[PDB]
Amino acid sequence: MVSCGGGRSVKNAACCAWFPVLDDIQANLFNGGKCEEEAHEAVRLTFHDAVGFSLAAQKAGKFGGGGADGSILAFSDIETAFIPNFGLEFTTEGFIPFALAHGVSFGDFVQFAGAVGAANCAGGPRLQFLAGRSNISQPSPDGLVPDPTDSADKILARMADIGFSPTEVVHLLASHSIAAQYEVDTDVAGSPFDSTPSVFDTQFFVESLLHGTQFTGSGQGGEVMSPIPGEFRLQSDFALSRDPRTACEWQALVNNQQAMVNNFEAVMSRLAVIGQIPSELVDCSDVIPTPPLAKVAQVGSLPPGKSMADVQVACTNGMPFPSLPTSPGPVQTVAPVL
């Protein structure tokens, strides 16, 4: 190892340059190292950046997008006008000055910010962070970002088209354990996808499998019924939790928080280098912070007022759910991330 000063160490000396970026964003973008709206947006941005890539396009002799290349920032004017990217201009205009201030590529900044963001959440992962992506990019083609109204067929096809199996899609969706909607229905902006959007835990997997009982929003734009007031459910998460191709992996995560973390780290390592050549990158993973000391449950809980009878069993070849514990107390509305 070498030292960067002040007791901070890295394997690769060039990585020391990322500590001033760390300090700036933890203080001035993430509100002192929190896992709240900006951290969630940073995680979401890694995917909106990387998903602008198409193996099929490449096979047809067309440009499919340069993947995890910072194009969502370099060409925010273009990409934020894509339908599934609506409203992302608040995020891209917020993020851009940090990349520019520190002289790092947009492509590295997007991956660095999502790694740091996720690492702020209790229970959270420590994503691999490789640096070195060119600052020269081209805009993503339109039509490549999944939409929450898309069927499981269409989403799984789009994801296979950037290199991910349906099992890996479920692993990537561990991100919706730290997540809310702002644009599907602005009337209920901040309504999260699980009861714990600051905790990287298995509650998204448990709660998405419950029967829907009420709408949080107006039921437009891909919202379907969720199982707790204040919690928002996407049609796409409903479809993937219950599709034969994905359901058994979805179920297998409800009682293994650590495997959810490990699997998320594994798939995000791939996501962050889509369109990139890893041998051209430098490993700066040791700049990424450790998550808060916090004991996150390894096994998820049914929310208050729910029993095992409320859980949809969609996995066939695998096998039954364990009696998951039930959280104590009354039914309570999930607070929005505002």
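All residue numbers refer to positions in the sequence shown, first residue = 1.
Which of the two stretches, 322 to 330 or 5 to 13, shows the higher mean Cα temperature factor in the record?
Mean B over CA atoms: larger for 322 to 330.
Determine, for stretches 257 to 265 and 80 to 88, which one has the higher mean CA B-factor as deposited.
Between 257 to 265 and 80 to 88, it is 80 to 88.
Going by the deposited entry, which of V287, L29, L271, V311 has the highest CA temperature factor?
Reading the PDB entry, the winner on C-alpha B-factor is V311.
Tell me which of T46, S54, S307, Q276 tops the list for C-alpha B factor in the record.
Of the options given, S307 has the highest CA B-factor in the PDB entry.
Please say which third, lowest, middle or highest, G65 falls into when its CA temperature factor is compared across its chain.
Lowest third.
Among the modelled residues of this chain, does the Cα B factor of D194 put it in the lowest, middle or highest third?
Lowest third, going by the recorded CA B-factors of the chain.
Taking only the Cα B-factors deposited for this chain, tell me whether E207 sits in the lowest, middle or highest third.
Its C-alpha B-factor belongs to the lowest third of this chain's values.
Where does the C-alpha B-factor of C315 rank in its chain, lowest, middle or highest third?
Tercile = highest for this residue's CA B-factor.
If you rank the chain by CA B-factor, which third does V282 end up in: lowest, middle or highest?
Answer is middle: the recorded C-alpha B-factor places it there.
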